[PDB]
>>> print(open('protein20.pdb').read())   # PDB, C-alpha atoms (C1' of nucleotides) and all ligand atoms
MODEL        1
ATOM      1  CA  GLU A 235       0.000   0.000   0.000
ATOM      2  CA  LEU A 236       2.812   2.423   0.883
ATOM      3  CA  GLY A 237       4.996   1.320  -2.042
ATOM      4  CA  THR A 238       8.044   0.624   0.130
ATOM      5  CA  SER A 239      10.277  -2.429  -0.250
ATOM      6  CA  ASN A 240      12.478  -2.857   2.834
ATOM      7  CA  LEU A 241      11.156  -5.294   5.450
ATOM      8  CA  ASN A 242      12.551  -4.982   8.974
ATOM      9  CA  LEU A 243      12.905  -8.511  10.366
ATOM     10  CA  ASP A 244      13.611  -9.537  13.959
ATOM     11  CA  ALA A 245      15.778 -12.616  14.421
ATOM     12  CA  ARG A 246      13.913 -14.030  17.424
ATOM     13  CA  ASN A 247      10.758 -14.519  15.358
ATOM     14  CA  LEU A 248      12.702 -17.168  13.439
ATOM     15  CA  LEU A 249      13.377 -18.965  16.725
ATOM     16  CA  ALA A 250       9.659 -18.665  17.534
ATOM     17  CA  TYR A 251       8.600 -20.895  14.611
ATOM     18  CA  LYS A 252       9.485 -24.590  14.805
ATOM     19  CA  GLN A 253      10.466 -24.737  11.133
ATOM     20  CA  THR A 254      13.010 -21.924  11.098
ATOM     21  CA  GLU A 255      15.515 -22.754  13.866
ATOM     22  CA  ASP A 256      17.980 -24.049  11.275
ATOM     23  CA  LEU A 257      17.222 -21.018   9.105
ATOM     24  CA  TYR A 258      18.060 -18.718  12.027
ATOM     25  CA  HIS A 259      21.351 -20.501  12.696
ATOM     26  CA  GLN A 260      22.247 -20.442   8.995
ATOM     27  CA  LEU A 261      21.478 -16.720   8.876
ATOM     28  CA  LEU A 262      23.849 -16.228  11.801
ATOM     29  CA  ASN A 263      26.540 -18.366  10.111
ATOM     30  CA  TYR A 264      26.056 -17.741   6.356
ATOM     31  CA  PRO A 265      24.382 -14.321   6.258
ATOM     32  CA  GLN A 266      24.979 -13.516   2.584
ATOM     33  CA  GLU A 267      23.256 -16.477   0.923
ATOM     34  CA  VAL A 268      20.490 -16.574   3.529
ATOM     35  CA  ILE A 269      19.756 -12.872   3.021
ATOM     36  CA  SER A 270      19.698 -13.455  -0.741
ATOM     37  CA  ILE A 271      17.139 -16.256  -0.507
ATOM     38  CA  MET A 272      15.137 -14.141   1.952
ATOM     39  CA  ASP A 273      15.048 -11.250  -0.522
ATOM     40  CA  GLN A 274      13.871 -13.466  -3.361
ATOM     41  CA  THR A 275      11.263 -15.143  -1.157
ATOM     42  CA  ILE A 276       9.951 -11.710  -0.180
ATOM     43  CA  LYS A 277       9.637 -10.698  -3.834
ATOM     44  CA  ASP A 278       8.041 -14.020  -4.801
ATOM     45  CA  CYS A 279       5.444 -13.865  -2.031
ATOM     46  CA  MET A 280       4.742 -10.223  -2.891
ATOM     47  CA  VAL A 281       3.942 -11.115  -6.503
ATOM     48  CA  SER A 282       2.066 -14.263  -5.444
ATOM     49  CA  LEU A 283      -0.226 -12.245  -3.174
ATOM     50  CA  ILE A 284      -1.440 -10.120  -6.088
ATOM     51  CA  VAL A 285      -1.605 -13.139  -8.407
ATOM     52  CA  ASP A 286      -3.789 -15.118  -5.997
ATOM     53  CA  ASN A 287      -5.940 -12.187  -4.835
ATOM     54  CA  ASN A 288      -6.542 -10.973  -8.433
ATOM     55  CA  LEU A 289      -6.306  -7.378  -7.251
ATOM     56  CA  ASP A 290      -6.435  -4.381  -9.582
ATOM     57  CA  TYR A 291      -2.940  -3.262  -8.540
ATOM     58  CA  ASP A 292      -0.445  -3.150 -11.398
ATOM     59  CA  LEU A 293       1.922  -6.122 -11.611
ATOM     60  CA  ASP A 294       4.545  -4.526 -13.868
ATOM     61  CA  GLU A 295       5.369  -1.975 -11.167
ATOM     62  CA  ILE A 296       5.864  -4.741  -8.593
ATOM     63  CA  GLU A 297       8.090  -6.688 -10.987
ATOM     64  CA  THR A 298      10.332  -3.611 -11.292
ATOM     65  CA  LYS A 299      11.156  -3.322  -7.578
ATOM     66  CA  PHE A 300      14.194  -4.672  -5.747
ATOM     67  CA  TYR A 301      13.109  -6.102  -2.393
ATOM     68  CA  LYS A 302      15.181  -6.419   0.762
ATOM     69  CA  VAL A 303      15.171  -7.586   4.377
ATOM     70  CA  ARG A 304      16.974  -5.892   7.282
ATOM     71  CA  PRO A 305      17.582  -8.314  10.166
ATOM     72  CA  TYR A 306      18.451  -6.918  13.581
ATOM     73  CA  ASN A 307      18.903  -8.146  17.151
ATOM     74  CA  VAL A 308      20.834 -11.237  16.082
ATOM     75  CA  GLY A 309      22.469 -11.951  19.447
ATOM     76  CA  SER A 310      24.242 -10.173  22.288
ATOM     77  CA  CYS A 311      26.236  -7.280  20.870
ATOM     78  CA  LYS A 312      29.965  -7.993  20.932
ATOM     79  CA  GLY A 313      32.853  -5.553  21.396
ATOM     80  CA  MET A 314      35.122  -4.039  18.771
ATOM     81  CA  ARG A 315      38.105  -5.380  20.733
ATOM     82  CA  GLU A 316      36.660  -8.921  20.816
ATOM     83  CA  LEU A 317      36.477  -9.368  17.021
ATOM     84  CA  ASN A 318      38.796 -12.293  16.277
ATOM     85  CA  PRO A 319      39.468 -13.916  12.889
ATOM     86  CA  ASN A 320      36.906 -16.596  13.785
ATOM     87  CA  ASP A 321      34.138 -14.070  13.013
ATOM     88  CA  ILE A 322      35.108 -13.334   9.397
ATOM     89  CA  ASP A 323      32.016 -13.659   7.183
ATOM     90  CA  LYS A 324      29.582 -13.855  10.095
ATOM     91  CA  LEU A 325      26.760 -11.632  11.304
ATOM     92  CA  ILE A 326      27.693  -9.429  14.273
ATOM     93  CA  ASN A 327      26.185  -6.567  16.268
ATOM     94  CA  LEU A 328      28.170  -3.433  17.137
ATOM     95  CA  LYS A 329      27.176  -0.483  19.323
ATOM     96  CA  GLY A 330      29.327   2.564  18.662
ATOM     97  CA  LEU A 331      29.431   6.310  18.172
ATOM     98  CA  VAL A 332      29.566   7.621  14.613
ATOM     99  CA  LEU A 333      32.636   9.755  13.971
ATOM    100  CA  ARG A 334      32.553  10.579  10.250
ATOM    101  CA  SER A 335      30.943   9.631   6.946
ATOM    102  CA  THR A 336      32.429  10.025   3.480
ATOM    103  CA  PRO A 337      30.460  11.399   0.511
ATOM    104  CA  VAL A 338      28.379   9.012  -1.565
ATOM    105  CA  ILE A 339      30.574   6.731  -3.685
ATOM    106  CA  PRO A 340      29.240   5.542  -7.078
ATOM    107  CA  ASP A 341      29.518   1.743  -7.159
ATOM    108  CA  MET A 342      29.126   0.102 -10.558
ATOM    109  CA  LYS A 343      26.418  -2.494 -11.211
ATOM    110  CA  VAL A 344      26.138  -2.883 -14.999
ATOM    111  CA  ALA A 345      28.762  -1.851 -17.546
ATOM    112  CA  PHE A 346      27.812  -0.255 -20.870
ATOM    113  CA  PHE A 347      29.841  -0.837 -24.041
ATOM    114  CA  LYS A 348      29.577   0.629 -27.544
ATOM    115  CA  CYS A 349      31.191  -0.374 -30.831
ATOM    116  CA  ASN A 350      33.252   2.047 -32.900
ATOM    117  CA  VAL A 351      32.275   0.635 -36.319
ATOM    118  CA  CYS A 352      28.639  -0.437 -35.862
ATOM    119  CA  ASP A 353      27.411   1.712 -32.928
ATOM    120  CA  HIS A 354      25.963  -1.414 -31.278
ATOM    121  CA  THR A 355      25.594  -1.332 -27.494
ATOM    122  CA  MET A 356      25.071  -4.121 -24.982
ATOM    123  CA  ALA A 357      25.144  -4.000 -21.185
ATOM    124  CA  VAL A 358      27.205  -6.622 -19.343
ATOM    125  CA  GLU A 359      26.727  -7.247 -15.634
ATOM    126  CA  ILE A 360      29.555  -7.124 -13.089
ATOM    127  CA  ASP A 361      30.716  -9.862 -10.707
ATOM    128  CA  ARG A 362      32.829  -8.957  -7.666
ATOM    129  CA  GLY A 363      34.159  -5.800  -9.293
ATOM    130  CA  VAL A 364      35.390  -7.288 -12.587
ATOM    131  CA  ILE A 365      34.031  -6.232 -15.979
ATOM    132  CA  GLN A 366      33.515  -9.126 -18.404
ATOM    133  CA  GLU A 367      34.170  -6.862 -21.358
ATOM    134  CA  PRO A 368      33.663  -8.537 -24.756
ATOM    135  CA  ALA A 369      36.376  -9.282 -27.293
ATOM    136  CA  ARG A 370      34.060  -8.525 -30.242
ATOM    137  CA  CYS A 371      30.544  -7.348 -31.000
ATOM    138  CA  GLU A 372      27.701  -9.779 -30.384
ATOM    139  CA  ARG A 373      26.298  -8.765 -33.789
ATOM    140  CA  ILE A 374      26.831 -11.419 -36.452
ATOM    141  CA  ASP A 375      27.044  -8.842 -39.252
ATOM    142  CA  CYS A 376      29.714  -6.755 -37.474
ATOM    143  CA  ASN A 377      32.019  -9.243 -35.735
ATOM    144  CA  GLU A 378      34.988  -6.879 -35.553
ATOM    145  CA  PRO A 379      37.264  -7.726 -32.593
ATOM    146  CA  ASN A 380      38.609  -5.476 -29.852
ATOM    147  CA  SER A 381      36.419  -2.503 -30.798
ATOM    148  CA  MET A 382      34.687  -1.933 -27.455
ATOM    149  CA  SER A 383      34.687   1.300 -25.460
ATOM    150  CA  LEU A 384      33.316   1.991 -21.981
ATOM    151  CA  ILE A 385      30.795   4.847 -21.926
ATOM    152  CA  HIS A 386      31.188   5.772 -18.268
ATOM    153  CA  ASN A 387      28.041   7.911 -18.011
ATOM    154  CA  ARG A 388      25.734   5.254 -19.500
ATOM    155  CA  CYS A 389      26.622   2.513 -17.007
ATOM    156  CA  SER A 390      24.502   1.739 -13.946
ATOM    157  CA  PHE A 391      25.703   2.718 -10.478
ATOM    158  CA  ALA A 392      24.607   2.068  -6.905
ATOM    159  CA  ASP A 393      25.043   4.150  -3.767
ATOM    160  CA  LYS A 394      27.876   3.300  -1.379
ATOM    161  CA  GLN A 395      29.203   5.127   1.664
ATOM    162  CA  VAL A 396      31.975   4.522   4.195
ATOM    163  CA  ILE A 397      31.398   5.394   7.852
ATOM    164  CA  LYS A 398      33.801   5.374  10.793
ATOM    165  CA  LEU A 399      32.620   4.004  14.141
ATOM    166  CA  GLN A 400      34.026   4.295  17.663
ATOM    167  CA  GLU A 401      33.008   2.259  20.684
ATOM    168  CA  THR A 402      30.805   3.424  23.537
ATOM    169  CA  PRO A 403      32.419   4.765  26.736
ATOM    170  CA  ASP A 404      31.123   1.904  28.895
ATOM    171  CA  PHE A 405      32.972  -0.671  26.761
ATOM    172  CA  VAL A 406      36.381   0.846  27.610
ATOM    173  CA  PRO A 407      37.895  -1.344  30.360
ATOM    174  CA  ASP A 408      40.456   1.097  31.807
ATOM    175  CA  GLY A 409      40.054   4.381  29.923
ATOM    176  CA  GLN A 410      42.509   4.079  27.045
ATOM    177  CA  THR A 411      41.903   5.547  23.600
ATOM    178  CA  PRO A 412      38.803   3.915  22.054
ATOM    179  CA  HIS A 413      39.464   1.914  18.902
ATOM    180  CA  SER A 414      37.855   2.567  15.518
ATOM    181  CA  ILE A 415      36.179   0.250  13.002
ATOM    182  CA  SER A 416      35.110   1.072   9.449
ATOM    183  CA  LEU A 417      31.671   0.331   7.989
ATOM    184  CA  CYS A 418      30.076   0.206   4.547
ATOM    185  CA  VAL A 419      26.416   1.017   3.857
ATOM    186  CA  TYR A 420      24.634   0.529   0.532
ATOM    187  CA  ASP A 421      21.365   1.803  -0.956
ATOM    188  CA  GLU A 422      18.691   3.068   1.476
ATOM    189  CA  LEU A 423      21.055   2.930   4.465
ATOM    190  CA  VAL A 424      23.193   5.634   2.831
ATOM    191  CA  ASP A 425      23.178   8.810   4.937
ATOM    192  CA  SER A 426      21.169   6.931   7.572
ATOM    193  CA  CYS A 427      23.171   8.397  10.472
ATOM    194  CA  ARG A 428      24.886  11.706  11.228
ATOM    195  CA  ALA A 429      28.184  12.323  12.981
ATOM    196  CA  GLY A 430      28.131  12.018  16.758
ATOM    197  CA  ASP A 431      25.128   9.676  16.857
ATOM    198  CA  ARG A 432      24.876   6.558  19.010
ATOM    199  CA  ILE A 433      23.868   3.722  16.682
ATOM    200  CA  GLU A 434      23.569  -0.062  16.814
ATOM    201  CA  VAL A 435      24.717  -1.646  13.552
ATOM    202  CA  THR A 436      24.096  -5.187  12.298
ATOM    203  CA  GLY A 437      26.326  -6.452   9.513
ATOM    204  CA  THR A 438      28.700  -9.096   8.211
ATOM    205  CA  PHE A 439      32.273  -8.935   9.508
ATOM    206  CA  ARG A 440      34.231  -9.083   6.244
ATOM    207  CA  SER A 441      37.917  -8.845   5.379
ATOM    208  CA  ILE A 442      39.578  -7.767   2.133
ATOM    209  CA  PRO A 443      43.193  -7.958   0.882
ATOM    210  CA  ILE A 444      45.175  -4.771   0.266
ATOM    211  CA  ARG A 445      47.412  -4.305  -2.760
ATOM    212  CA  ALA A 446      51.037  -3.438  -2.059
ATOM    213  CA  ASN A 447      51.091  -0.728  -4.742
ATOM    214  CA  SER A 448      48.939   0.775  -7.487
ATOM    215  CA  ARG A 449      50.990  -0.891 -10.255
ATOM    216  CA  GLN A 450      51.267  -4.651  -9.641
ATOM    217  CA  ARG A 451      48.963  -7.349  -8.228
ATOM    218  CA  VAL A 452      51.016  -8.075  -5.093
ATOM    219  CA  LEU A 453      48.958  -8.035  -1.886
ATOM    220  CA  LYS A 454      50.043  -7.504   1.706
ATOM    221  CA  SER A 455      49.715 -10.557   3.938
ATOM    222  CA  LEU A 456      47.797  -8.484   6.493
ATOM    223  CA  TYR A 457      44.068  -8.354   5.773
ATOM    224  CA  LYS A 458      41.993  -5.243   6.588
ATOM    225  CA  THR A 459      38.564  -5.694   8.215
ATOM    226  CA  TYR A 460      35.281  -3.796   8.040
ATOM    227  CA  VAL A 461      31.537  -4.313   8.501
ATOM    228  CA  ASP A 462      28.989  -4.730   5.697
ATOM    229  CA  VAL A 463      25.892  -3.189   7.260
ATOM    230  CA  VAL A 464      22.377  -4.459   6.619
ATOM    231  CA  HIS A 465      20.442  -2.615   9.362
ATOM    232  CA  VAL A 466      20.998   0.502  11.478
ATOM    233  CA  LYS A 467      19.188   1.675  14.614
TER     234      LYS A 467
ATOM    235  CA  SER B 354      21.261  -8.762  -7.976
ATOM    236  CA  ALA B 355      19.545  -6.545  -5.414
ATOM    237  CA  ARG B 356      22.681  -6.414  -3.263
ATOM    238  CA  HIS B 357      25.930  -4.813  -4.371
ATOM    239  CA  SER B 358      28.526  -6.529  -6.541
ATOM    240  CA  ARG B 359      30.798  -7.356  -3.586
ATOM    241  CA  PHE B 360      28.152  -9.066  -1.429
ATOM    242  CA  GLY B 361      29.842 -12.396  -2.129
ATOM    243  CA  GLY B 362      27.372 -15.268  -2.424
ATOM    244  CA  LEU B 363      28.903 -18.528  -3.631
ATOM    245  CA  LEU B 364      27.122 -21.536  -5.140
ATOM    246  CA  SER B 365      27.647 -25.263  -5.576
ATOM    247  CA  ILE B 366      25.569 -26.932  -8.301
ATOM    248  CA  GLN B 367      25.396 -30.731  -8.440
ATOM    249  CA  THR B 368      25.790 -32.430 -11.815
ATOM    250  CA  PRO B 369      23.878 -35.636 -12.630
ATOM    251  CA  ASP B 370      27.071 -37.373 -11.555
ATOM    252  CA  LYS B 371      28.435 -36.571  -8.108
ATOM    253  CA  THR B 372      30.540 -33.529  -9.009
ATOM    254  CA  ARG B 373      30.007 -29.960  -7.800
ATOM    255  CA  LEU B 374      30.602 -26.849  -9.907
ATOM    256  CA  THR B 375      30.987 -23.349  -8.475
ATOM    257  CA  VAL B 376      28.961 -20.331  -9.614
ATOM    258  CA  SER B 377      28.864 -16.766  -8.294
ATOM    259  CA  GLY B 378      25.851 -14.468  -8.183
ATOM    260  CA  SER B 379      22.590 -14.180  -6.266
ATOM    261  CA  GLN B 380      20.577 -14.886  -9.415
ATOM    262  CA  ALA B 381      22.473 -18.176  -9.607
ATOM    263  CA  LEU B 382      21.741 -18.767  -5.916
ATOM    264  CA  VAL B 383      18.048 -18.595  -6.846
ATOM    265  CA  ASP B 384      17.817 -20.000 -10.365
ATOM    266  CA  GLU B 385      19.277 -22.811 -12.466
ATOM    267  CA  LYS B 386      18.768 -21.520 -16.012
ATOM    268  CA  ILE B 387      20.690 -18.404 -14.970
ATOM    269  CA  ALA B 388      23.362 -20.662 -13.468
ATOM    270  CA  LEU B 389      23.769 -22.565 -16.738
ATOM    271  CA  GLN B 390      23.763 -19.332 -18.750
ATOM    272  CA  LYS B 391      26.554 -17.968 -16.547
ATOM    273  CA  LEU B 392      28.439 -21.259 -16.885
ATOM    274  CA  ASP B 393      28.295 -20.959 -20.675
ATOM    275  CA  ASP B 394      29.145 -17.245 -20.726
ATOM    276  CA  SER B 395      32.126 -17.536 -18.357
ATOM    277  CA  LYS B 396      33.972 -19.718 -20.892
TER     278      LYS B 396
ATOM    279  CA  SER C  91      50.589  -4.281 -53.188
ATOM    280  CA  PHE C  92      48.357  -3.348 -50.241
ATOM    281  CA  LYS C  93      45.833  -5.352 -48.210
ATOM    282  CA  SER C  94      43.159  -2.775 -47.368
ATOM    283  CA  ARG C  95      39.809  -3.347 -45.657
ATOM    284  CA  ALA C  96      36.925  -0.878 -45.909
ATOM    285  CA  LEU C  97      34.124  -0.106 -43.456
ATOM    286  CA  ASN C  98      30.920   1.762 -44.292
ATOM    287  CA  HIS C  99      28.779   4.073 -42.174
ATOM    288  CA  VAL C 100      25.561   2.756 -43.743
ATOM    289  CA  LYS C 101      26.203  -0.468 -41.806
ATOM    290  CA  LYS C 102      25.761   1.469 -38.549
TER     291      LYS C 102
ATOM    292  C1'  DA D   1      54.598 -18.282 -27.182
ATOM    293  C1'  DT D   2      59.108 -15.882 -26.450
ATOM    294  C1'  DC D   3      62.151 -11.911 -26.310
ATOM    295  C1'  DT D   4      62.838  -6.710 -24.910
ATOM    296  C1'  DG D   5      62.206  -3.258 -21.682
ATOM    297  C1'  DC D   6      60.645   0.247 -17.434
ATOM    298  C1'  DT D   7      59.881   1.021 -12.681
ATOM    299  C1'  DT D   8      59.067   1.067  -7.719
ATOM    300  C1'  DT D   9      59.217   1.146  -2.739
ATOM    301  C1'  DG D  10      59.204   6.266  -1.081
ATOM    302  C1'  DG D  11      63.265   9.297  -0.900
ATOM    303  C1'  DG D  12      67.195  13.325  -1.881
ATOM    304  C1'  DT D  13      72.682   7.992  -5.524
ATOM    305  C1'  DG D  14      65.498  11.801 -10.157
ATOM    306  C1'  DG D  15      64.372  16.383  -9.326
ATOM    307  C1'  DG D  16      62.482  21.933  -8.978
ATOM    308  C1'  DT D  17      59.876  24.188 -16.890
ATOM    309  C1'  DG D  18      55.104  19.196 -12.287
ATOM    310  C1'  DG D  19      53.777  21.057  -7.843
ATOM    311  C1'  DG D  20      51.870  21.146  -2.523
ATOM    312  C1'  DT D  21      43.954  19.269  -3.145
ATOM    313  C1'  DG D  22      50.294  13.217  -4.418
ATOM    314  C1'  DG D  23      52.563  11.998   1.073
ATOM    315  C1'  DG D  24      57.172  12.365   3.309
ATOM    316  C1'  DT D  25      56.192  17.464   9.911
ATOM    317  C1'  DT D  26      59.547  19.591  13.704
ATOM    318  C1'  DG D  27      62.928  23.558  14.292
ATOM    319  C1'  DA D  28      64.451  28.172  13.699
ATOM    320  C1'  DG D  29      63.918  32.949  12.177
ATOM    321  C1'  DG D  30      61.567  37.074  10.196
ATOM    322  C1'  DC D  31      57.357  39.907   9.803
ATOM    323  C1'  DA D  32      52.725  41.889  10.567
ATOM    324  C1'  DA D  33      49.365  42.480  13.783
ATOM    325  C1'  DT D  34      48.338  42.368  18.270
ATOM    326  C1'  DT D  35      49.522  43.959  22.456
TER     327       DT D  35
ATOM    328  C1'  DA E   1      60.622  -9.239 -10.356
ATOM    329  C1'  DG E   2      55.772  -8.031 -12.629
ATOM    330  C1'  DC E   3      53.738  -6.501 -16.134
ATOM    331  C1'  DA E   4      53.245  -3.866 -21.095
ATOM    332  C1'  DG E   5      54.703  -4.302 -25.857
ATOM    333  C1'  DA E   6      56.737  -5.976 -30.849
ATOM    334  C1'  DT E   7      58.252 -10.102 -33.874
TER     335       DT E   7
HETATM  336 ZN    ZN F   1      30.615  -3.547 -34.102
ENDMDL
END
>>> encode(input="protein20.pdb", output="structure tokens", more="lines below")
Ligand SMILES: [Zn+2]
Amino acid sequence: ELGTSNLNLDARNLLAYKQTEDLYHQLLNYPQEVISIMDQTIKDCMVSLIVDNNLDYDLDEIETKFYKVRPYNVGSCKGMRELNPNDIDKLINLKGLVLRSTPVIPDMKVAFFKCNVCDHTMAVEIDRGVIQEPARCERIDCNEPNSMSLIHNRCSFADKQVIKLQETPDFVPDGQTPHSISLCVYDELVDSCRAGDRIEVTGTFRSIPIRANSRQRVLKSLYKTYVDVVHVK
Amino acid sequence: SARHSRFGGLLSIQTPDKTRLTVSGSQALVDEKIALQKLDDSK
Amino acid sequence: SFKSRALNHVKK
DNA sequence: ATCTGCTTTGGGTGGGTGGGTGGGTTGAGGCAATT
DNA sequence: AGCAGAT
């Protein structure tokens, strides 16, 4: 009725239903795939409701929408100092004070390519930040090779933002300098919190390699951590 | 995919014989025709 | 003594 | 598929016709404004 | 030494 898409889900409700105990544990252990199947199930049930109830509401509009779920309260919140390597790719809860937030970063979803001898364009999706650019036009008539250019302003982009978080005063054991962890928020969670706010963030504790230099492919053995946020309160 | 490119969902499809192939992408996580299309296109 | 290939705009 | 060739880290064994919104950050000394 | 190019 309101036209929104995001569904705020509470974890405990999964433990309330006999069927979904294993689903709850899997969410806590494999958040990415579980969230994906949750999103698709939400979209499928949304379309099925209209299909079964033969309502007058337009179906094309529903088919156009990306649907999402935002789990929260997934267990006792841990501490930034207690994040060990055992938690990499696992859902965690962090309570901390915002400290800064960078401007919106354009993150690429779909690349757009155009030929220089036939003016034929086709959009190729992206997987983990790599463009599968073609070696020749998909047109049979013009099969010229290595004649693809990237039209930067015709691609598709998504909203990304990097926030810095610092722990609450009560979590400091002695009074030393509080530590800092970096976050990443995408889509409707962008600009969801202002500097100096006390927020509780639920996300996946991820880790990414760092390149040694901007020329070669050598990576430092030390991995840098961050949090991929899915819900903010 | 609704989520961003770096979300990182991995798949394991089972062939008629007991071998498992690996595919990446939420659409693959949901569908099988998309999985086979990606398998063909990744060649 | 040249191997030249031609492209046409009408094909666009 | 093999052979040929340039350039780092960061730093003065590249520089100041590349600059300081590309990083290398304390110490001293001169000048205007504040007193 | 890794990667960018010509035969
Ligand atoms: Zn072409």
>>> residues_near_ligand(input="protein20.pdb", ligand="ligand ZN 1 (chain F)", cutoff="12 Å", atoms="all atoms listed in the file", output="ChimeraX atom specification")
/A:347-356,368-383 /C:97-99,101-102
>>> resolve_selection(input="protein20.pdb", expression="the PyMOL selection byres ((chain A) within 10 of (chain D))", output="PDB file with C-alpha atoms, in the frame of the given file")
ATOM      1  CA  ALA A 446      51.037  -3.438  -2.059  1.00  0.00           C
ATOM      2  CA  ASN A 447      51.091  -0.728  -4.742  1.00  0.00           C
ATOM      3  CA  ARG A 449      50.990  -0.891 -10.255  1.00  0.00           C
ATOM      4  CA  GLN A 450      51.267  -4.651  -9.641  1.00  0.00           C
TER       5      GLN A 450
END
>>> resolve_selection(input="protein20.pdb", expression="the PyMOL selection byres (((chain E and resi 5) around 12) and not hetatm)", output="list in words")
residues 3, 4, 5 and 6 of chain D; 3, 4, 6 and 7 of chain E
>>> write_last_selection(input="protein20.pdb", atoms="C-alpha atoms (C1' of nucleotides)", output="compact mmCIF listing (two decimals), in the frame of the given file")
# COMPACT_ATOMS: atom_id res chain seq x y z
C1' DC D 3 62.15 -11.91 -26.31
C1' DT D 4 62.84 -6.71 -24.91
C1' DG D 5 62.21 -3.26 -21.68
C1' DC D 6 60.64 0.25 -17.43
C1' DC E 3 53.74 -6.50 -16.13
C1' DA E 4 53.24 -3.87 -21.10
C1' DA E 6 56.74 -5.98 -30.85
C1' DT E 7 58.25 -10.10 -33.87
>>> resolve_selection(input="protein20.pdb", expression="the PyMOL selection byres (((chain B and resi 375-389) around 9) and not hetatm)", output="PyMOL selection string")
(chain A and resi 267+270-271+274+361-362) or (chain B and resi 354-356+358+360-366+373-374+390-394)
>>> atom_distance(input="protein20.pdb", atom1="CA of residue 306 (chain A)", atom2="CA of residue 399 (chain A)")
17.9 Å
>>> residues_around(input="protein20.pdb", residues="residue 440 (chain A)", least_positions_apart="2", cutoff="8 Å", atoms="all atoms listed in the file", output="number ranges by chain")
A: 322-324, 438, 442, 459-462
>>> write_last_selection(input="protein20.pdb", atoms="C-alpha atoms", output="mmCIF file, in the frame of the given file")
data_model
loop_
_atom_site.group_PDB
_atom_site.id
_atom_site.type_symbol
_atom_site.label_atom_id
_atom_site.label_comp_id
_atom_site.auth_asym_id
_atom_site.auth_seq_id
_atom_site.Cartn_x
_atom_site.Cartn_y
_atom_site.Cartn_z
ATOM 1 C CA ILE A 322 35.108 -13.334 9.397
ATOM 2 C CA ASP A 323 32.016 -13.659 7.183
ATOM 3 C CA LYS A 324 29.582 -13.855 10.095
ATOM 4 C CA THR A 438 28.700 -9.096 8.211
ATOM 5 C CA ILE A 442 39.578 -7.767 2.133
ATOM 6 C CA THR A 459 38.564 -5.694 8.215
ATOM 7 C CA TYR A 460 35.281 -3.796 8.040
ATOM 8 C CA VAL A 461 31.537 -4.313 8.501
ATOM 9 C CA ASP A 462 28.989 -4.730 5.697
#
>>> residues_near_point(input="protein20.pdb", point="(32.9, 3.9, 27.3)", cutoff="12 Å", atoms="only C-alpha atoms (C1' of nucleotides)", output="list in words")
residues 313, 314, 329, 330, 331, 400, 401, 402, 403, 404, 405, 406, 407, 408, 409, 410, 411, 412, 413 and 432 of chain A
>>> closest_residue(input="protein20.pdb", among="A:464, A:415, A:280, A:236", to="chain B", atoms="all atoms listed in the file")
A:464
>>> atom_distance(input="protein20.pdb", atom1="CA of residue 300 (chain A)", atom2="CA of residue 273 (chain A)")
8.4 Å
>>> atom_distance(input="protein20.pdb", atom1="CA of residue 421 (chain A)", atom2="CA of residue 296 (chain A)")
18.5 Å
>>> build_atoms(input="protein20.pdb", residues="region 240-247 of chain A", atoms="N, CA, C and O atoms", output="compact mmCIF listing (two decimals), in the coordinates of the input")
# COMPACT_ATOMS: atom_id res chain seq x y z
N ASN A 240 11.66 -2.30 1.77
CA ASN A 240 12.48 -2.86 2.83
C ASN A 240 11.60 -3.40 3.96
O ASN A 240 10.68 -2.72 4.42
N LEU A 241 11.90 -4.62 4.39
CA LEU A 241 11.16 -5.29 5.45
C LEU A 241 12.08 -5.49 6.64
O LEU A 241 13.07 -6.23 6.55
N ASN A 242 11.77 -4.84 7.75
CA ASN A 242 12.55 -4.98 8.97
C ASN A 242 12.17 -6.28 9.67
O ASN A 242 11.01 -6.46 10.08
N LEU A 243 13.13 -7.19 9.80
CA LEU A 243 12.90 -8.51 10.37
C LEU A 243 13.65 -8.63 11.69
O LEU A 243 14.78 -8.17 11.82
N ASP A 244 13.00 -9.25 12.67
CA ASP A 244 13.61 -9.54 13.96
C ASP A 244 14.02 -11.00 14.00
O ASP A 244 13.24 -11.88 13.62
N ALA A 245 15.24 -11.26 14.47
CA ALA A 245 15.78 -12.62 14.42
C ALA A 245 14.97 -13.57 15.29
O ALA A 245 14.71 -14.71 14.89
N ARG A 246 14.56 -13.13 16.48
CA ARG A 246 13.91 -14.03 17.42
C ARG A 246 12.67 -14.67 16.83
O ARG A 246 12.33 -15.82 17.16
N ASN A 247 11.96 -13.95 15.96
CA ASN A 247 10.76 -14.52 15.36
C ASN A 247 11.07 -15.79 14.58
O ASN A 247 10.20 -16.66 14.44
